[PDB]
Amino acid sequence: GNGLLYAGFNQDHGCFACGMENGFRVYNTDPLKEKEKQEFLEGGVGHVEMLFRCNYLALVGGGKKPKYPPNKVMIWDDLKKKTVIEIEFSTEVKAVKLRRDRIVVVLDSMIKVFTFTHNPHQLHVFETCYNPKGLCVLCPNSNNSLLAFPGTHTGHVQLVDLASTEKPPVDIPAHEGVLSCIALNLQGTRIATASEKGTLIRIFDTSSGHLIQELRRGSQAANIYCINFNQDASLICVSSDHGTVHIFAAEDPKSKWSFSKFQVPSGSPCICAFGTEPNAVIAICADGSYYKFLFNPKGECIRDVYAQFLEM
């Protein structure tokens, strides 16, 4: 195909990184610009986690010919163009989440937290239910060390503060069914959740676990691919199968349904985030399509930008 194996936004959605069959690439989201491209003749990278706009990337090998064994996490130093820390595991790595002081690795059955040091030390292990999608969010903010992940019970989210791990975790019975997506706002004060039914998105307070807002995307089932907050957490964007994107208002009693939505014309699955304009939403699709949409108060969407980001 096009060789894309992974796409993910950074902590503020200002960039997205792509794992490729032949390496990785980093891009500025808005305006779209290729920022870094590292080619590996020897194989692909199946997961890329940025730390904001620092020179550190977490890489996991993947694809038909992975650059690294899939049971290893590689921290890439993009200023030095080399791997500087490696952590090896007994099982495949499903995702990595970075903060400045912690490496969090996500495995199928557990979440291991390490020091971000030349010899990483394991600090914590949290058991999860079967987590093949690697669902985990970690607050990148210095004043909020929140780690959130699927609990051992179906539809529960366990929340742990990594600065006060002696405290019991908050367990949120978020859905009756298997979790499909989890998202934090930039402040780490709100968590958005969906089940495999994908009819409802629920936003909780991360400190109390209380439901703040329930948003109904529809009556029919949908595979939810992505959820993201805007910068002030007043809005969320929601991607679904067939590439539709729904736009809702969070934390507003005047919201329950989508004020806006658009379909991605190619229908390919996409992740979404908000642009630099408060009324901009960006969609990055598995086929390589980039879309920027502007919405209005009537919920009409206009296309501002379209590109194939993989050709730059």
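Counting begins at 1, following the sequence as shown.
- For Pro269, the record comparison shows coordinates absent in at least a third of the other entries of this protein that model its neighbours.
- Relative to one another, 236-244 and 102-110 have unequal mean CA B-factors, and 236-244 is the one with the higher figure.
- With 58-66 and 37-45 compared on mean CA B-factor from the PDB entry, the stretch scoring higher is 37-45.
- In the PDB entry, a CA B factor belonging to the middle third of its chain's modelled residues is recorded for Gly288.
- Among the modelled residues of the chain, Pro140 sits in the lowest third by CA temperature factor in this PDB entry.
- Among the modelled residues of the chain, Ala7 sits in the lowest third by CA temperature factor in this PDB entry.
- Annotation for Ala183: C-alpha temperature factor in the lowest third relative to the rest of the modelled chain, per the entry.
- Among all modelled residues in its chain, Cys15 ranks in the middle third by Cα B-factor.
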